[PDB]
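>>> compute the structure for the input listed below.
(chains A, B, C, D and E, ligands or ions: 38)
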Amino acid sequence: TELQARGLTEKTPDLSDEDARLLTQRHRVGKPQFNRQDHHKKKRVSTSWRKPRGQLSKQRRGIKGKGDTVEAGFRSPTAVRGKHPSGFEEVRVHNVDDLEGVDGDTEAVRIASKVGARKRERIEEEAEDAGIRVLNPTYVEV
Amino acid sequence: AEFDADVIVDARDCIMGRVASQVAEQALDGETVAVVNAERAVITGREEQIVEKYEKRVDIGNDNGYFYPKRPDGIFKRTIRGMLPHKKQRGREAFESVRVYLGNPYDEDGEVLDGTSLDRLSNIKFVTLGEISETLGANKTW
Amino acid sequence: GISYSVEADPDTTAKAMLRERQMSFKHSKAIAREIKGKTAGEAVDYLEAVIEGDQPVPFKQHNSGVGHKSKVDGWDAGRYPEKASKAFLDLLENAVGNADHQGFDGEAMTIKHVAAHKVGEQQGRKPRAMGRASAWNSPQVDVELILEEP
RNA sequence: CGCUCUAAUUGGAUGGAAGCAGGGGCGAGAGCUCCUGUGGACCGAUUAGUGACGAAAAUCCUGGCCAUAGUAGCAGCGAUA
RNA sequence: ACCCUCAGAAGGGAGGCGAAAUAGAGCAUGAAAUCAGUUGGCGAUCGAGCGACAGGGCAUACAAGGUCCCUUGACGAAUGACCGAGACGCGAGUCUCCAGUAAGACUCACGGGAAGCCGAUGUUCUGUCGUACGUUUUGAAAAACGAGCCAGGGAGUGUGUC
Ligand SMILES: [Cl-]
Ligand SMILES: [Cl-]
Ligand SMILES: [Cl-]
Ligand SMILES: [Cl-]
Ligand SMILES: [Cl-]
Ligand SMILES: [Cl-]
Ligand SMILES: [Cl-]
Ligand SMILES: [Mg+2]
Ligand SMILES: [Mg+2]
Ligand SMILES: [Mg+2]
Ligand SMILES: [Mg+2]
Ligand SMILES: [Mg+2]
Ligand SMILES: [Mg+2]
Ligand SMILES: [Mg+2]
Ligand SMILES: [Mg+2]
Ligand SMILES: [Mg+2]
Ligand SMILES: [Mg+2]
Ligand code: NA
Ligand code: NA
Ligand code: NA
Ligand code: NA
Ligand code: NA
Ligand code: NA
Ligand code: NA
Ligand code: NA
Ligand code: NA
Ligand code: NA
Ligand SMILES: [Sr+2]
Ligand SMILES: [Sr+2]
Ligand SMILES: [Sr+2]
Ligand SMILES: [Sr+2]
Ligand SMILES: [Sr+2]
Ligand SMILES: [Sr+2]
Ligand SMILES: [Sr+2]
Ligand SMILES: [Sr+2]
Ligand SMILES: [Sr+2]
Ligand SMILES: [Sr+2]
Ligand SMILES: [Sr+2]
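Numbers count the residues shown, from 1 in each chain, chains lettered A, B, ... in the order given. Ligands and ions are numbered 1, 2, ... in the order given. Structure as follows:
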């Protein structure tokens, strides 16, 4: 009748009262775009970051309004850095034997793009019975 | 013809700039001000010097223009514009909800705001806006 | 060439197309814009009048130096581009002919779509002064047409 | 951090690889990664290597394209047809 | 192929083959600049390094993100009272007490609500700062030099000795 996702889509990991605070900080605070200077002015100048090198550069000089430059103080907490917004830590899977050593109470799983439906069916069922959520589930016609 | 004014102000013997400044402040608060008896308004100082300044503003201009009002009608309306950011969104809406009138088109008498009034018994060196207008080149229509 | 930029239901439609036409692209835009919404028949007679020079085609985007015409409405500049009009007529003739074969009333169908596309140029070269030569090109145009039942 | 090719270990693909388009997640960031569509045969990861390895700029080179513009020219000549 | 159309071995339409014609002839894929048609936003009274950060309008199929608003309550850093009671000052106003109390960012809990709803993307309005970039120069937004745009190309390599 309708489309239903394989697995445990509605799963949440149990984190410490601290990690769950440091995530609710990262989400709240955030960070700026950090796109390259004048990327919007020229089409040949890409969106990917480059250090403003010019001696007179307004972004380099600090001059407020010309964007924020990449610094160490802009990082996210050591504790939460690199966690999926659900709280989960990502584990990249390519085959069924990649699911070994995974804690479904902390680590969720992300199957690669290269993997096909025949092997995806095998990884998805073996991830459900082991208690691990797949972040990119196949949607079946149920 | 018809203007739903919140506040109606009487300019009779009231120091021009000081009235204008309170009318400007109120326009930005969201009030529909209406300055009445502009002909009967006043400006302190030597008549000969106040006239020279106003006569110069009429001589000023080029192909682009610089329209300066001669009638005491608009002279008050332009002084109010000089206290409002008339080139911004907010400042245009506030200015356009302020209109100055010669005499009184209403039935209700206008109020005299605090600190604006001049004491004729204590002063002799001043001018009437209508006296400035007859010297500028207007037609006494009040 | 080009493929039809819009979709259509064969039971209620009739398609037509022009290929690599050596005419003015800029004229083909304005003619297209103007005959959109009109009936294939109302549009035929319109173009027949443009050829004779009775009804002008409003030159809205490509209007530099063009004098104003009185018969234009909502605009000032216009011209009578007869070459492209005659080409557009061949498109409307092919359209009615393809429609009547399917049982449709050709001269009674609305122009759902009409768009001109510049499918390159046919190159040339003109010998200019000082031992130099500058391009002297001709535009190759394609134009689509979809006729719908009202 | 990213690029190429070699070697060891180990993986993914016609149950659809790379590439591209649009969209989601990540890292301060260089980048990384997934989803959808297109595509229809290749593609990774770790380690240790190799280098014709990273671009916005040089009146840079080559190609392609836009504005210029339906604009100047298609009149001037003792041969005005 | 056939049929229709056309002045027509053109082109067009229908149709046929193939997994695929958007594989149909410079015919694998098909980026950018750019063009046409069209969708969302803006728009004929209004001001210009085109944006960064904040915050409102409008717009959004799924997937890959799932949060967000309000009553109330817990916690509660620096900071921090009104009113009132007493006491001073020509005066605006002040001191003492009430009290480092009420309050106070963030975070959390019970209950309640939103799913274009939260994020995010597009556009646009407001606030804030804001005269590109690279180079030359004591000093560059510069009436100092360079580029029309995009793509691809484009500069510490080799041997020998120290
Ligand atoms: Cl770091
Ligand atoms: Cl003037
Ligand atoms: Cl202003
Ligand atoms: Cl006096
Ligand atoms: Cl053209
Ligand atoms: Cl916190
Ligand atoms: Cl070096
Ligand atoms: Mg760009
Ligand atoms: Mg002209
Ligand atoms: Mg020569
Ligand atoms: Mg290995
Ligand atoms: Mg390169
Ligand atoms: Mg550079
Ligand atoms: Mg011109
Ligand atoms: Mg003759
Ligand atoms: Mg091809
Ligand atoms: Mg110098
Ligand atoms: Na004065
Ligand atoms: Na003047
Ligand atoms: Na135009
Ligand atoms: Na007209
Ligand atoms: Na008319
Ligand atoms: Na917005
Ligand atoms: Na230089
Ligand atoms: Na500069
Ligand atoms: Na200068
Ligand atoms: Na050029
Ligand atoms: Sr894929
Ligand atoms: Sr005030
Ligand atoms: Sr134009
Ligand atoms: Sr495209
Ligand atoms: Sr190189
Ligand atoms: Sr051209
Ligand atoms: Sr002649
Ligand atoms: Sr000549
Ligand atoms: Sr066909
Ligand atoms: Sr200005
Ligand atoms: Sr406290």
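
>>> does the residue nearest the centre of chain C count as helix, strand or coil?
In chain C, the residue lying closest to the centroid (CA atoms, centre = their mean) is residue C:28, at 4.0 Å. Under DSSP: H, G, I helix; E, B strand; the rest coil, the three-state class of residue C:28 is helix.

>>> who are the neighbours in contact with it?
If you count contacts by CB atoms under 8 Å, 6 or more residues apart in numbering or on different chains, residue C:28 has them with C:21, C:84, C:87-88, C:116, C:141, C:143. In this view, the C-beta of every residue, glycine as well, is placed from N, C-alpha and C.

>>> nearest to residue B:98, of the residues you listed?
residue C:116 (53.7 Å; CB to CB).

>>> enumerate the residues of chain B near ligand 19.
By CB under 5 Å from the ion, the residues of chain B that approach ligand 19 are B:58, B:61, B:68.

>>> what strand or helix carries the last one?
So that's residue B:68. For residue B:68, there is no enclosing helix or strand under DSSP states H and E.

>>> swap in residue B:19?
Residue B:19 belongs to helix B:16-29, assigned by DSSP H and E.

>>> one more: residue B:141?
For residue B:141, there is no enclosing helix or strand under DSSP H and E.

>>> please give me every residue in contact with it.
Listed by CB under 8 Å, 6+ apart, the contact set of residue B:141 reads residue B:102.

>>> now it: how far from residue A:93?
Look at residue B:141 and residue A:93: by CB to CB, to the nearest Å, they are 89 Å apart.

>>> repeat for residue C:77
65 Å.

>>> strands - which of the contacts of residue C:28 land there?
C:21, C:116, C:141, C:143 (DSSP state E).

>>> surely the second one touches residue C:33?
No. At 9.1 Å, residue C:116 does not count as touching residue C:33 under the criterion of CB atoms under 8 Å.

>>> after the helix holding residue B:19 comes which helix or strand?
strand B:33-36.

>>> and the helices in chain A?
Under the criterion DSSP state H, chain A contains helices at A:19-29, A:117-128.

>>> next, the residue of chain C found nearest ligand 3: phi, psi?
Closest contact between chain C and ligand 3, by CB to the ion, is at residue C:76 (35.1 Å). Main-chain dihedrals, residue C:76, degrees, to the nearest 10: phi -100, psi -60.

>>> from residue C:57, how far out is the residue nearest to it when sequence neighbours are not counted?
Sequence neighbours aside, residue C:68 is the residue nearest to residue C:76 in space, at 4.4 Å (criterion: CB to CB, 6 or more residues apart in numbering or on different chains). To residue C:57, residue C:68 is 14 Å away according to CB to CB.

>>> spit out the residues that contact those two alike.
Counting by CB under 8 Å, 6+ apart, the contacts common to residue C:68 and residue C:57 are residue C:78.

>>> just the buried residues of stretch A:44-61, please?
A:52, A:57, A:59 (16 or more other CB atoms under 10 Å in any protein chain shown).

>>> got CSV for these, with distance to ligand 4 too?
CSV is the format used below for those (distance: CB to the ion, whole Å):
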residue, distance to ligand 4
A:52, 63
A:57, 60
A:59, 59
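
>>> gap between the closest residue to residue B:24 other than its chain neighbours and ligand 19?
What sits nearest to residue B:24 in space, not counting adjacent residues and going by CB to CB, 6+ apart, is residue B:83, at 3.9 Å. Separation of residue B:83 from ligand 19 (CB to the ion, to the nearest Å) stands at 21 Å.

>>> for residue B:83, list the residues it contacts.
By CB under 8 Å, 6+ apart, residue B:83 lies in contact with B:20-21, B:24.

>>> in a markdown table, list these along with distance to residue C:12 and neighbour count.
Formatted as a markdown table, the contacts of residue B:83 follow (distance: CB to CB, whole Å; neighbours: other CB atoms under 10 Å in any protein chain shown):
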| residue | distance to residue C:12 | neighbour count |
| --- | --- | --- |
| B:20 | 69 | 27 |
| B:21 | 70 | 16 |
| B:24 | 65 | 21 |
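
>>> so which of those comes closest to RNA strand D?
Distance from RNA strand D was checked for each of the contacts of residue B:83 by CB to the nearest atom of the strand. The minimum falls on residue B:24, at 43.3 Å.

>>> and chain A, which residues reach ligand 3?
Residues of chain A that fall close to ligand 3, judged by CB under 5 Å from the ion: none.

>>> quick one: contacts for the residue nearest in space to the middle of chain A?
Nearest to the geometric centre of chain A sits residue A:84, at 4.9 Å (CA atoms, centre = their mean). The neighbours of residue A:84, taking CB under 8 Å, 6+ apart as the test, are A:90, A:108, A:135.

>>> in strands, which of the residues you listed fall?
Short answer: these in strands (DSSP E) are A:90, A:108.

>>> of the contacts of residue A:84, which are in range of RNA strand D?
Filtering those for proximity to RNA strand D by CB under 7 Å from any atom of the strand leaves residue A:135.

>>> put the buried members of the contacts of residue A:84 into a ChimeraX selection.
Of the contacts of residue A:84, the buried ones go into a single ChimeraX selection, burial set by 16+ other CB under 10 Å:
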select /A:108,135
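
>>> run the chain-centre distance for the helix holding residue B:19.
10 Å (CA atoms, centre = their mean, to the nearest Å).

>>> my guess is residue B:112 meets residue B:12, correct?
Yes. Taking CB under 8 Å as the definition, residue B:112 is a contact partner of residue B:12 at 7.4 Å.

>>> ok, the two, which is more surrounded?
Shown here are residue B:112 and residue B:12; by other CB atoms under 10 Å in any protein chain shown, residue B:12 has more neighbours (18 against 15).

>>> now chain B against ligand 2: closest residue?
Closest residue of chain B to ligand 2, CB to the ion: residue B:61 (2.2 Å).

>>> next: chain A.
Nearest residue of chain A to ligand 2 (CB to the ion) works out as residue A:65 at 37.7 Å.

>>> what's around that residue, how many residues?
A count of nearby residues for residue A:65, using other CB under 10 Å, gives 6.

>>> contact partners of stretch B:12-27?
With contacts defined as CB under 8 Å, 6+ apart, stretch B:12-27 is touched by B:7, B:9, B:11, B:33, B:35, B:37, B:40-44, B:76, B:79-80, B:83-84, B:94-95, B:97-98, B:112-113, B:115-118, B:120, B:129.
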